[PDB]
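Asker: If it helps, the file is called my_file_5.cif and holds mmCIF, C-alpha atoms and all ligand atoms:
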data_my_file
#
loop_
_atom_site.label_atom_id
_atom_site.label_comp_id
_atom_site.auth_asym_id
_atom_site.auth_seq_id
_atom_site.Cartn_x
_atom_site.Cartn_y
_atom_site.Cartn_z
CA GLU A 4 -35.14 3.90 1.48
CA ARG A 5 -33.46 6.45 3.75
CA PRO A 6 -31.57 4.82 6.58
CA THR A 7 -32.08 5.86 10.18
CA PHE A 8 -29.38 8.37 11.21
CA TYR A 9 -27.98 9.04 14.68
CA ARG A 10 -26.25 12.13 16.01
CA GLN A 11 -23.17 12.51 18.20
CA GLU A 12 -20.47 15.05 19.02
CA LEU A 13 -16.83 14.11 18.55
CA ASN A 14 -14.41 16.82 19.75
CA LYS A 15 -16.02 18.94 18.81
CA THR A 16 -18.20 18.60 15.73
CA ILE A 17 -21.57 17.03 15.07
CA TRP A 18 -21.46 13.67 13.28
CA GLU A 19 -24.82 12.55 11.89
CA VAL A 20 -24.50 9.20 10.14
CA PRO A 21 -26.53 6.10 9.33
CA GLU A 22 -26.89 3.53 12.11
CA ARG A 23 -25.07 1.22 9.67
CA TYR A 24 -21.80 2.86 10.79
CA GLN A 25 -20.99 2.07 14.39
CA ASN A 26 -18.31 2.86 16.95
CA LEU A 27 -16.94 6.01 15.35
CA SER A 28 -13.50 7.00 16.65
CA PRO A 29 -11.60 10.10 15.54
CA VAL A 30 -8.43 9.44 13.54
CA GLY A 31 -7.61 12.79 11.92
CA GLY A 36 -12.42 17.57 6.64
CA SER A 37 -12.40 15.52 9.85
CA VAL A 38 -12.05 11.75 9.72
CA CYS A 39 -13.28 8.92 11.92
CA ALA A 40 -12.68 5.20 11.73
CA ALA A 41 -15.93 3.20 12.03
CA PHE A 42 -17.38 -0.28 11.72
CA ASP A 43 -19.60 -0.89 8.68
CA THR A 44 -22.23 -3.27 10.08
CA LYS A 45 -23.51 -4.10 6.59
CA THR A 46 -20.22 -5.59 5.38
CA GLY A 47 -18.22 -6.38 8.54
CA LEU A 48 -15.34 -4.14 7.51
CA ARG A 49 -13.74 -1.12 9.15
CA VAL A 50 -14.10 2.09 7.16
CA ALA A 51 -12.85 5.66 7.19
CA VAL A 52 -15.60 8.29 7.24
CA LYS A 53 -14.68 11.85 6.30
CA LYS A 54 -17.03 14.72 7.11
CA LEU A 55 -16.25 17.58 4.70
CA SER A 56 -15.61 20.85 6.53
CA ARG A 57 -18.10 23.65 5.70
CA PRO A 58 -18.56 22.27 2.17
CA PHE A 59 -20.89 25.01 0.91
CA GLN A 60 -19.89 28.05 2.98
CA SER A 61 -17.88 29.63 0.14
CA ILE A 62 -17.48 29.24 -3.62
CA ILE A 63 -14.00 27.76 -3.22
CA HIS A 64 -15.28 25.18 -0.73
CA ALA A 65 -18.33 24.38 -2.85
CA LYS A 66 -16.23 23.76 -5.95
CA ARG A 67 -13.67 21.66 -4.00
CA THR A 68 -16.52 19.55 -2.67
CA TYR A 69 -17.79 18.86 -6.17
CA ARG A 70 -14.23 18.27 -7.42
CA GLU A 71 -13.50 15.65 -4.79
CA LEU A 72 -16.79 13.79 -5.24
CA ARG A 73 -16.43 13.70 -9.04
CA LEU A 74 -12.89 12.36 -8.76
CA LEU A 75 -13.82 9.66 -6.23
CA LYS A 76 -16.83 8.56 -8.26
CA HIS A 77 -14.73 8.15 -11.43
CA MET A 78 -11.42 6.61 -10.30
CA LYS A 79 -11.73 2.81 -10.11
CA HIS A 80 -8.34 1.15 -9.73
CA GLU A 81 -6.73 -1.30 -7.28
CA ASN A 82 -4.10 1.23 -6.16
CA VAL A 83 -6.34 4.28 -5.90
CA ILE A 84 -8.62 4.76 -2.86
CA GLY A 85 -12.20 3.95 -3.75
CA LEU A 86 -15.50 5.47 -2.68
CA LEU A 87 -17.62 2.94 -0.76
CA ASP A 88 -20.42 5.34 0.17
CA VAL A 89 -21.35 9.02 0.17
CA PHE A 90 -24.23 10.37 2.23
CA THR A 91 -25.91 13.38 3.74
CA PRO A 92 -28.48 13.59 6.58
CA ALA A 93 -30.37 16.09 4.40
CA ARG A 94 -33.76 14.96 3.02
CA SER A 95 -33.78 17.51 0.19
CA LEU A 96 -31.60 19.98 -1.70
CA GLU A 97 -33.02 22.82 0.39
CA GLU A 98 -31.66 21.15 3.53
CA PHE A 99 -28.35 19.99 2.00
CA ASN A 100 -25.43 21.37 4.05
CA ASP A 101 -23.19 18.43 4.97
CA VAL A 102 -21.42 15.72 2.96
CA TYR A 103 -19.80 12.52 4.25
CA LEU A 104 -17.46 10.24 2.25
CA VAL A 105 -16.65 6.63 3.15
CA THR A 106 -13.67 4.49 2.12
CA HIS A 107 -12.07 1.25 3.29
CA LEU A 108 -9.92 1.72 6.42
CA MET A 109 -6.34 0.65 5.80
CA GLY A 110 -3.70 -0.77 8.11
CA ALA A 111 -0.97 1.86 8.11
CA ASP A 112 0.59 4.69 6.08
CA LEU A 113 4.15 4.60 4.71
CA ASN A 114 5.38 6.95 7.42
CA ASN A 115 4.20 4.41 9.99
CA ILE A 116 5.83 1.55 8.10
CA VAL A 117 9.27 3.16 7.80
CA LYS A 118 9.18 4.24 11.45
CA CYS A 119 8.52 0.69 12.59
CA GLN A 120 10.77 -1.70 10.71
CA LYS A 121 13.32 -1.68 7.90
CA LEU A 122 12.16 -2.72 4.44
CA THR A 123 13.74 -5.41 2.30
CA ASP A 124 14.37 -4.72 -1.38
CA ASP A 125 11.47 -6.88 -2.61
CA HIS A 126 9.16 -5.08 -0.19
CA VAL A 127 10.30 -1.73 -1.60
CA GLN A 128 9.90 -3.00 -5.18
CA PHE A 129 6.30 -4.02 -4.57
CA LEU A 130 5.36 -0.80 -2.81
CA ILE A 131 6.87 1.46 -5.45
CA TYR A 132 5.46 -0.68 -8.24
CA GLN A 133 1.97 -0.20 -6.78
CA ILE A 134 2.40 3.56 -6.38
CA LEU A 135 3.55 3.86 -10.00
CA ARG A 136 0.70 1.62 -11.18
CA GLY A 137 -1.84 3.92 -9.43
CA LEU A 138 -0.09 7.02 -10.79
CA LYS A 139 -0.14 5.67 -14.35
CA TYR A 140 -3.94 5.34 -13.97
CA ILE A 141 -4.52 8.78 -12.37
CA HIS A 142 -2.22 10.53 -14.85
CA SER A 143 -4.06 8.87 -17.78
CA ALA A 144 -7.21 10.78 -16.67
CA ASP A 145 -5.25 14.03 -16.87
CA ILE A 146 -5.13 14.21 -13.09
CA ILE A 147 -2.01 14.70 -10.96
CA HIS A 148 -1.52 14.25 -7.26
CA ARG A 149 0.72 17.27 -6.65
CA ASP A 150 1.22 16.50 -2.98
CA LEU A 151 2.26 12.86 -2.91
CA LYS A 152 3.87 11.93 0.41
CA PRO A 153 4.21 8.99 2.80
CA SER A 154 1.10 10.05 4.75
CA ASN A 155 -1.24 9.70 1.77
CA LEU A 156 -0.03 6.22 0.79
CA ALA A 157 -1.87 3.56 2.77
CA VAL A 158 -1.27 -0.17 2.93
CA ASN A 159 -2.92 -3.18 4.50
CA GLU A 160 -1.28 -6.13 6.29
CA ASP A 161 -0.40 -7.72 2.97
CA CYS A 162 1.43 -4.64 1.65
CA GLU A 163 -1.46 -3.90 -0.75
CA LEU A 164 -1.34 -0.12 -1.42
CA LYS A 165 -3.79 2.75 -2.13
CA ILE A 166 -3.14 6.36 -3.08
CA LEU A 167 -5.24 8.98 -1.24
CA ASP A 168 -5.98 12.69 -1.71
CA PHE A 169 -5.06 12.90 -5.40
CA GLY A 170 -6.25 15.72 -7.67
CA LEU A 171 -7.13 18.05 -4.80
CA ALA A 172 -4.05 20.28 -4.55
CA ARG A 173 -4.29 22.85 -7.33
CA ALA A 184 6.30 17.92 5.24
CA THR A 185 4.98 18.53 1.71
CA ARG A 186 8.16 20.49 1.14
CA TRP A 187 10.23 17.34 1.65
CA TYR A 188 8.63 15.57 -1.32
CA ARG A 189 7.80 18.50 -3.63
CA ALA A 190 9.24 18.74 -7.15
CA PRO A 191 11.44 21.85 -7.23
CA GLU A 192 9.81 23.24 -10.36
CA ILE A 193 6.56 23.69 -8.46
CA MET A 194 8.10 24.65 -5.12
CA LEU A 195 10.29 27.30 -6.79
CA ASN A 196 8.11 28.04 -9.84
CA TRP A 197 11.27 28.00 -11.96
CA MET A 198 10.35 26.16 -15.14
CA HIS A 199 7.38 24.51 -16.79
CA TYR A 200 6.06 21.36 -15.16
CA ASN A 201 4.14 18.28 -16.18
CA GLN A 202 2.80 15.09 -14.62
CA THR A 203 6.31 14.09 -13.56
CA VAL A 204 6.08 16.38 -10.52
CA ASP A 205 4.58 13.26 -8.94
CA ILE A 206 7.61 11.19 -10.05
CA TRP A 207 9.95 13.47 -8.09
CA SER A 208 7.81 12.65 -5.05
CA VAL A 209 8.02 8.89 -5.76
CA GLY A 210 11.81 9.14 -5.96
CA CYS A 211 11.93 10.86 -2.56
CA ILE A 212 9.58 8.25 -1.09
CA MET A 213 11.52 5.34 -2.62
CA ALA A 214 14.80 6.69 -1.25
CA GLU A 215 13.24 6.88 2.24
CA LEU A 216 11.86 3.32 2.07
CA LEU A 217 15.34 2.11 1.03
CA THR A 218 17.35 4.00 3.67
CA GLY A 219 14.77 4.56 6.41
CA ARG A 220 15.53 8.31 6.45
CA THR A 221 13.99 11.37 4.81
CA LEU A 222 16.05 12.10 1.71
CA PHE A 223 15.74 15.91 1.81
CA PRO A 224 14.42 17.09 5.22
CA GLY A 225 14.60 20.84 4.61
CA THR A 226 13.54 23.36 7.27
CA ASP A 227 12.16 25.87 4.73
CA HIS A 228 12.19 26.33 0.93
CA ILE A 229 15.72 27.73 0.84
CA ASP A 230 17.18 24.96 2.98
CA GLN A 231 15.12 22.44 0.95
CA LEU A 232 16.75 23.59 -2.31
CA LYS A 233 20.18 23.49 -0.68
CA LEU A 234 19.78 19.82 0.30
CA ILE A 235 18.49 18.89 -3.14
CA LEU A 236 21.36 20.55 -5.00
CA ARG A 237 23.89 18.80 -2.73
CA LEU A 238 22.76 15.55 -4.39
CA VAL A 239 21.66 16.46 -7.92
CA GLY A 240 24.12 19.30 -8.54
CA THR A 241 23.47 22.97 -9.18
CA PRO A 242 21.79 23.67 -12.51
CA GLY A 243 24.41 24.81 -15.01
CA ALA A 244 24.31 26.43 -18.44
CA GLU A 245 22.28 23.63 -20.04
CA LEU A 246 19.28 23.63 -17.72
CA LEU A 247 19.56 27.39 -17.15
CA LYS A 248 18.53 27.81 -20.79
CA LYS A 249 15.07 26.52 -19.84
CA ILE A 250 14.58 28.66 -16.76
CA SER A 251 11.82 31.05 -17.73
CA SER A 252 11.92 33.06 -14.51
CA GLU A 253 14.55 35.82 -14.49
CA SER A 254 14.39 36.04 -10.69
CA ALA A 255 15.01 32.28 -10.55
CA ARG A 256 18.02 32.51 -12.88
CA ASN A 257 19.51 35.28 -10.75
CA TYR A 258 18.89 33.30 -7.59
CA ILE A 259 20.41 30.07 -8.95
CA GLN A 260 23.58 31.87 -10.03
CA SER A 261 23.96 33.34 -6.54
CA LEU A 262 24.35 29.94 -4.90
CA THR A 263 27.52 28.00 -4.22
CA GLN A 264 27.95 25.63 -7.15
CA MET A 265 27.67 21.94 -6.21
CA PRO A 266 28.61 19.01 -8.40
CA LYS A 267 26.18 16.19 -9.03
CA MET A 268 26.80 13.16 -6.78
CA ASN A 269 26.97 9.63 -8.18
CA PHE A 270 23.89 8.08 -6.51
CA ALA A 271 25.74 4.77 -6.07
CA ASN A 272 28.01 6.52 -3.53
CA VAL A 273 24.96 7.71 -1.63
CA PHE A 274 22.61 4.73 -1.49
CA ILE A 275 25.30 2.35 -0.35
CA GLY A 276 24.18 -1.27 -0.42
CA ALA A 277 21.00 -0.65 -2.42
CA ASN A 278 20.01 -2.80 -5.41
CA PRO A 279 21.92 -1.21 -8.33
CA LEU A 280 18.70 -1.20 -10.34
CA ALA A 281 16.96 0.81 -7.59
CA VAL A 282 19.80 3.33 -7.75
CA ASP A 283 19.51 3.55 -11.56
CA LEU A 284 15.75 4.18 -11.28
CA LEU A 285 16.35 6.92 -8.67
CA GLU A 286 18.85 8.57 -11.04
CA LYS A 287 16.03 8.73 -13.60
CA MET A 288 13.43 10.16 -11.21
CA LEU A 289 15.48 12.69 -9.26
CA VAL A 290 16.48 15.00 -12.10
CA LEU A 291 15.62 18.73 -12.12
CA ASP A 292 14.73 18.96 -15.83
CA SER A 293 11.00 18.25 -16.10
CA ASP A 294 11.43 17.33 -19.77
CA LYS A 295 13.91 14.62 -18.86
CA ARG A 296 12.25 13.08 -15.79
CA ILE A 297 10.86 9.56 -16.26
CA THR A 298 7.05 9.13 -16.46
CA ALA A 299 4.95 6.63 -14.48
CA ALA A 300 4.49 4.36 -17.50
CA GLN A 301 8.21 4.45 -18.39
CA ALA A 302 9.12 3.76 -14.74
CA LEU A 303 6.90 0.65 -14.66
CA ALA A 304 8.96 -0.74 -17.57
CA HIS A 305 12.25 -0.24 -15.69
CA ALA A 306 14.26 -3.40 -14.93
CA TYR A 307 13.87 -2.82 -11.20
CA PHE A 308 10.23 -3.99 -11.54
CA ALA A 309 10.88 -7.00 -13.77
CA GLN A 310 9.23 -9.36 -11.26
CA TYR A 311 6.02 -7.30 -11.14
CA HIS A 312 5.64 -5.55 -14.50
CA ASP A 313 2.83 -6.81 -16.74
CA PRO A 314 1.79 -4.39 -19.51
CA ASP A 315 -1.55 -6.20 -19.75
CA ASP A 316 -2.33 -5.48 -16.09
CA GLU A 317 -1.42 -1.78 -15.75
CA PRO A 318 -4.71 -0.18 -16.85
CA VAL A 319 -5.59 3.37 -17.82
CA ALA A 320 -8.63 5.43 -16.85
CA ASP A 321 -11.88 5.85 -18.78
CA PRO A 322 -12.18 9.39 -20.26
CA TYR A 323 -12.75 11.93 -17.49
CA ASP A 324 -14.84 15.07 -18.06
CA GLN A 325 -13.41 17.88 -15.93
CA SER A 326 -14.87 20.74 -17.93
CA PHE A 327 -16.36 21.99 -14.65
CA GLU A 328 -12.90 23.26 -13.73
CA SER A 329 -13.25 26.17 -16.16
CA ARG A 330 -16.66 27.24 -14.83
CA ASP A 331 -17.44 30.09 -12.45
CA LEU A 332 -20.76 29.23 -10.76
CA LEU A 333 -22.49 30.35 -7.55
CA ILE A 334 -22.45 28.35 -4.32
CA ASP A 335 -26.02 27.14 -4.79
CA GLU A 336 -25.12 25.96 -8.30
CA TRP A 337 -22.12 23.92 -7.16
CA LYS A 338 -24.25 22.64 -4.26
CA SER A 339 -26.96 21.46 -6.65
CA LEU A 340 -24.41 19.70 -8.88
CA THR A 341 -22.93 17.97 -5.82
CA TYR A 342 -26.39 16.92 -4.60
CA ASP A 343 -27.05 15.36 -8.03
CA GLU A 344 -23.87 13.27 -7.66
CA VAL A 345 -24.76 12.15 -4.13
CA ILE A 346 -28.20 10.93 -5.17
CA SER A 347 -26.92 9.15 -8.30
CA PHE A 348 -24.16 7.31 -6.46
CA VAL A 349 -24.18 3.52 -6.87
CA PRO A 350 -21.97 1.61 -4.44
CA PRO A 351 -19.23 -0.68 -5.79
CA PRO A 352 -20.56 -4.20 -6.45
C1 LIG B 401 -9.48 12.24 -3.59
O1 LIG B 401 -9.14 12.60 -2.24
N1 LIG B 401 -10.11 12.03 -1.38
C2 LIG B 401 -9.59 10.94 -0.73
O2 LIG B 401 -8.60 10.32 -1.10
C3 LIG B 401 -10.39 10.44 0.42
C4 LIG B 401 -11.74 10.75 0.62
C5 LIG B 401 -12.43 10.21 1.72
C6 LIG B 401 -11.77 9.38 2.63
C7 LIG B 401 -12.52 8.83 3.82
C8 LIG B 401 -10.41 9.08 2.41
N2 LIG B 401 -9.69 8.25 3.28
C9 LIG B 401 -8.95 8.79 4.30
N3 LIG B 401 -8.90 10.08 4.51
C10 LIG B 401 -8.18 10.58 5.57
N4 LIG B 401 -7.49 9.90 6.43
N5 LIG B 401 -7.52 8.56 6.23
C11 LIG B 401 -6.88 7.62 6.98
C12 LIG B 401 -7.15 6.38 6.44
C13 LIG B 401 -6.68 5.10 6.95
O3 LIG B 401 -7.09 4.05 6.50
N6 LIG B 401 -5.73 5.19 7.94
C14 LIG B 401 -5.21 3.98 8.56
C15 LIG B 401 -3.70 3.94 8.41
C16 LIG B 401 -5.70 3.88 9.99
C17 LIG B 401 -5.95 2.61 10.53
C18 LIG B 401 -6.39 2.48 11.85
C19 LIG B 401 -6.60 3.61 12.63
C20 LIG B 401 -6.36 4.87 12.11
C21 LIG B 401 -5.91 5.01 10.80
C22 LIG B 401 -8.00 6.58 5.30
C23 LIG B 401 -8.52 5.49 4.44
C24 LIG B 401 -8.20 7.95 5.21
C25 LIG B 401 -9.74 9.61 1.32
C1 LIG B 402 1.42 33.20 -5.83
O1 LIG B 402 1.08 34.40 -5.14
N1 LIG B 402 2.16 35.31 -5.24
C2 LIG B 402 2.00 36.17 -6.30
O2 LIG B 402 1.33 37.20 -6.28
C3 LIG B 402 2.96 35.94 -7.41
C4 LIG B 402 2.83 36.49 -8.68
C5 LIG B 402 3.79 36.21 -9.66
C6 LIG B 402 4.89 35.38 -9.39
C7 LIG B 402 5.90 35.09 -10.46
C8 LIG B 402 4.99 34.81 -8.10
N2 LIG B 402 6.04 34.00 -7.65
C9 LIG B 402 5.91 32.71 -7.20
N3 LIG B 402 4.78 32.03 -7.25
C10 LIG B 402 4.75 30.73 -6.80
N4 LIG B 402 5.74 30.03 -6.33
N5 LIG B 402 6.91 30.71 -6.28
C11 LIG B 402 8.09 30.22 -5.83
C12 LIG B 402 9.06 31.19 -5.94
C13 LIG B 402 10.45 31.01 -5.53
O3 LIG B 402 10.75 30.26 -4.61
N6 LIG B 402 11.39 31.65 -6.30
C14 LIG B 402 12.79 31.34 -6.10
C15 LIG B 402 13.41 30.85 -7.40
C16 LIG B 402 13.50 32.54 -5.54
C17 LIG B 402 14.11 32.43 -4.28
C18 LIG B 402 14.78 33.54 -3.74
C19 LIG B 402 14.83 34.73 -4.45
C20 LIG B 402 14.23 34.85 -5.69
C21 LIG B 402 13.56 33.75 -6.25
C22 LIG B 402 8.42 32.36 -6.49
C23 LIG B 402 9.09 33.67 -6.76
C24 LIG B 402 7.08 32.01 -6.68
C25 LIG B 402 4.04 35.11 -7.12
#
Output the file's structure as structure tokens, nothing else.
Ligand SMILES: CONC(=O)c1ccc(C)c(Nc2ncnn3cc(C(=O)N[C@@H](C)c4ccccc4)c(C)c23)c1
Ligand SMILES: CONC(=O)c1ccc(C)c(Nc2ncnn3cc(C(=O)N[C@@H](C)c4ccccc4)c(C)c23)c1

Answerer:
Amino acid sequence: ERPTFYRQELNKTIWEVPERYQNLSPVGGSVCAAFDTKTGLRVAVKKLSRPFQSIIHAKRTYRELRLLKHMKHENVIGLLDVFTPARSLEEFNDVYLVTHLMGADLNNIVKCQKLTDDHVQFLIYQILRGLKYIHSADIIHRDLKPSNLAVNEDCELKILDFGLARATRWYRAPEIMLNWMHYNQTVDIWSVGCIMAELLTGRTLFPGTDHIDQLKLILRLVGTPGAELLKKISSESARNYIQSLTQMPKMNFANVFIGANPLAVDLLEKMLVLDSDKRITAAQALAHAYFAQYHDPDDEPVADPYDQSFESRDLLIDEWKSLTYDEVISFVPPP
């Protein structure tokens, strides 16, 4: 039951989509907002860029589709449709992904108002709830930032672009930015702390100009690593570099986030720590007293087992293309 497709050029690529999707308008692969005539809702349509023109692209294409088909959670963007104008595998060269269109991203929100404490609580609670789910599937975001957190008029939130990375500087955990010690899923928690601070104050917590300046701003708040944490620094170059910097004492966060809910400050103290072994997890964060009004252990679900064995495979473009085609054809839209 192939739908009828129509073709158009939108500065300056070809978009070939089902007539179902009307009034495409660029918003960003490349992304367009559109009207889904079947449902009456606005959607975001992403055309993957050159999905099968290289092995890296082919594998990324498969990776993204597999992730989107598996993750089903209220705070994680969901796949509404996936299509190709191709009539067969032999003709398969383009892939389009469709999701709900949201109202605004967190960058837009902070630029336009001032958020009350309850508003912050609910947003952060939702981000952590989505992260608990994603992390439970052994997936991490790795590049969580205000631009990939989308909300709709009722403050209902969705996480986008997770599990793809394998401004960012402002929200990046130092252990990955500086490759200075082992890391775990809490790299995403550092990002949440930076985001939460920004929602609370209205300003970027650590707006560094480059990686060196970024570290400088971070250490001004958290304090230079000393003997204790230095014991865990595996990189000799990193140890040498750290010891070359002007030593800074840790700041009491309460003197920084003046006027903030003391519980918000306590939570930030637990997220913004350099030691990856000590940083709070998503699940632990949800249980923090700051979220007492929202927390419900019976409504913070985990993900069904996720098979990502494909990550360890080295296949040809046509092989990844065939696997992707299989997933496109087998797709069943959300009820
Ligand atoms: C696992 O990674 N794959 C993904 O997450 C993944 C995969 C496919 C897709 C189609 C998406 N969705 C989006 N991708 C890129 N930009 N974009 C922006 C919005 C949006 O709603 N903007 C609002 C504020 C807006 C509202 C009005 C106008 C303009 C913008 C959405 C929903 C997206 C994510
Ligand atoms: C990846 O491709 N490059 C390669 O070939 C390759 C291969 C092996 C290694 C060990 C690396 N090194 C890095 N890889 C990824 N991130 N990273 C971040 C930093 C950094 O900021 N160091 C700080 C402490 C610093 C700052 C100033 C001076 C000294 C150290 C470094 C040195 C890296 C790269």

Asker: Go through chain A and flag each residue having an atom no more than 7 Å from ligand LIG 401 (chain B); for those, report the closest pair of atoms plus their distance in Å to one decimal, using all atoms listed in the file, ordered by chain and rising number, as a Markdown table.

Answerer:
| residue | atom | partner | partner_atom | distance |
| --- | --- | --- | --- | --- |
| A:30 | CA | B:LIG401 | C20 | 5.2 |
| A:31 | CA | B:LIG401 | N4 | 6.2 |
| A:38 | CA | B:LIG401 | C10 | 5.8 |
| A:40 | CA | B:LIG401 | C20 | 6.3 |
| A:51 | CA | B:LIG401 | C7 | 4.6 |
| A:52 | CA | B:LIG401 | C7 | 4.6 |
| A:53 | CA | B:LIG401 | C7 | 4.5 |
| A:71 | CA | B:LIG401 | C1 | 5.4 |
| A:74 | CA | B:LIG401 | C1 | 6.2 |
| A:75 | CA | B:LIG401 | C1 | 5.7 |
| A:84 | CA | B:LIG401 | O2 | 5.8 |
| A:104 | CA | B:LIG401 | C5 | 5.1 |
| A:105 | CA | B:LIG401 | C7 | 4.7 |
| A:106 | CA | B:LIG401 | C7 | 4.8 |
| A:107 | CA | B:LIG401 | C23 | 5.6 |
| A:108 | CA | B:LIG401 | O3 | 3.7 |
| A:109 | CA | B:LIG401 | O3 | 3.6 |
| A:110 | CA | B:LIG401 | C15 | 4.7 |
| A:111 | CA | B:LIG401 | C15 | 3.4 |
| A:112 | CA | B:LIG401 | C15 | 4.9 |
| A:157 | CA | B:LIG401 | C15 | 5.9 |
| A:167 | CA | B:LIG401 | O2 | 3.6 |
| A:168 | CA | B:LIG401 | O1 | 3.2 |
| A:169 | CA | B:LIG401 | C1 | 4.8 |
| A:170 | CA | B:LIG401 | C1 | 6.3 |
| A:171 | CA | B:LIG401 | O1 | 6.3 |

Asker: How many Å separate CA of residue 311 (chain A) from CA of residue 211 (chain A)?

Answerer: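 Separation between CA of residue 311 (chain A) and CA of residue 211 (chain A): 20.9 Å.
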
Asker: Please identify all protein, DNA and RNA residues within 10 Å of ligand LIG 402 (chain B), counting all atoms listed in the file, and report them as a list in words.

Answerer: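 After applying the 10 Å limit, what remains is residues 191, 192, 193, 194, 195, 196, 197, 198, 228, 229, 232, 250, 252, 253, 254, 255, 256, 257, 258, 259 and 261 of chain A.
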
Asker: The selected residues should be written to file as a PDB file, in the coordinates of the input (atoms: C-alpha atoms).

Answerer:
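Produced file out.pdb, reproduced below:
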ATOM      1  CA  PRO A 191      11.440  21.850  -7.230  1.00  0.00           C
ATOM      2  CA  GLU A 192       9.810  23.240 -10.360  1.00  0.00           C
ATOM      3  CA  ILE A 193       6.560  23.690  -8.460  1.00  0.00           C
ATOM      4  CA  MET A 194       8.100  24.650  -5.120  1.00  0.00           C
ATOM      5  CA  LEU A 195      10.290  27.300  -6.790  1.00  0.00           C
ATOM      6  CA  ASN A 196       8.110  28.040  -9.840  1.00  0.00           C
ATOM      7  CA  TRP A 197      11.270  28.000 -11.960  1.00  0.00           C
ATOM      8  CA  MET A 198      10.350  26.160 -15.140  1.00  0.00           C
ATOM      9  CA  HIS A 228      12.190  26.330   0.930  1.00  0.00           C
ATOM     10  CA  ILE A 229      15.720  27.730   0.840  1.00  0.00           C
ATOM     11  CA  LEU A 232      16.750  23.590  -2.310  1.00  0.00           C
ATOM     12  CA  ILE A 250      14.580  28.660 -16.760  1.00  0.00           C
ATOM     13  CA  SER A 252      11.920  33.060 -14.510  1.00  0.00           C
ATOM     14  CA  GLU A 253      14.550  35.820 -14.490  1.00  0.00           C
ATOM     15  CA  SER A 254      14.390  36.040 -10.690  1.00  0.00           C
ATOM     16  CA  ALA A 255      15.010  32.280 -10.550  1.00  0.00           C
ATOM     17  CA  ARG A 256      18.020  32.510 -12.880  1.00  0.00           C
ATOM     18  CA  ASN A 257      19.510  35.280 -10.750  1.00  0.00           C
ATOM     19  CA  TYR A 258      18.890  33.300  -7.590  1.00  0.00           C
ATOM     20  CA  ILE A 259      20.410  30.070  -8.950  1.00  0.00           C
ATOM     21  CA  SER A 261      23.960  33.340  -6.540  1.00  0.00           C
TER      22      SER A 261
END

Asker: At a cut-off of 12 Å around the point (13.1, 24.9, 2.0) (file coordinates), what residues fall inside when counting only C-alpha atoms? I'd like the answer as a list in words.

Answerer: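 Residues lying no farther than 12 Å from the given point: residues 184, 185, 186, 187, 188, 189, 190, 191, 194, 195, 223, 224, 225, 226, 227, 228, 229, 230, 231, 232, 233, 234, 235 and 236 of chain A.
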
Asker: Restricted to C-alpha atoms, what would the selected residues look like written as a PDB file, keeping the file's coordinate frame?

Answerer:
ATOM      1  CA  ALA A 184       6.300  17.920   5.240  1.00  0.00           C
ATOM      2  CA  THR A 185       4.980  18.530   1.710  1.00  0.00           C
ATOM      3  CA  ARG A 186       8.160  20.490   1.140  1.00  0.00           C
ATOM      4  CA  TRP A 187      10.230  17.340   1.650  1.00  0.00           C
ATOM      5  CA  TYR A 188       8.630  15.570  -1.320  1.00  0.00           C
ATOM      6  CA  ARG A 189       7.800  18.500  -3.630  1.00  0.00           C
ATOM      7  CA  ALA A 190       9.240  18.740  -7.150  1.00  0.00           C
ATOM      8  CA  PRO A 191      11.440  21.850  -7.230  1.00  0.00           C
ATOM      9  CA  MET A 194       8.100  24.650  -5.120  1.00  0.00           C
ATOM     10  CA  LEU A 195      10.290  27.300  -6.790  1.00  0.00           C
ATOM     11  CA  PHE A 223      15.740  15.910   1.810  1.00  0.00           C
ATOM     12  CA  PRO A 224      14.420  17.090   5.220  1.00  0.00           C
ATOM     13  CA  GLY A 225      14.600  20.840   4.610  1.00  0.00           C
ATOM     14  CA  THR A 226      13.540  23.360   7.270  1.00  0.00           C
ATOM     15  CA  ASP A 227      12.160  25.870   4.730  1.00  0.00           C
ATOM     16  CA  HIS A 228      12.190  26.330   0.930  1.00  0.00           C
ATOM     17  CA  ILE A 229      15.720  27.730   0.840  1.00  0.00           C
ATOM     18  CA  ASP A 230      17.180  24.960   2.980  1.00  0.00           C
ATOM     19  CA  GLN A 231      15.120  22.440   0.950  1.00  0.00           C
ATOM     20  CA  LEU A 232      16.750  23.590  -2.310  1.00  0.00           C
ATOM     21  CA  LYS A 233      20.180  23.490  -0.680  1.00  0.00           C
ATOM     22  CA  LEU A 234      19.780  19.820   0.300  1.00  0.00           C
ATOM     23  CA  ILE A 235      18.490  18.890  -3.140  1.00  0.00           C
ATOM     24  CA  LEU A 236      21.360  20.550  -5.000  1.00  0.00           C
TER      25      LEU A 236
END

Asker: Which value, in Å to one decimal, gives the distance between CA of residue 222 (chain A) and CA of residue 293 (chain A)?

Answerer: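 CA of residue 293 (chain A) lies 19.5 Å from CA of residue 222 (chain A).
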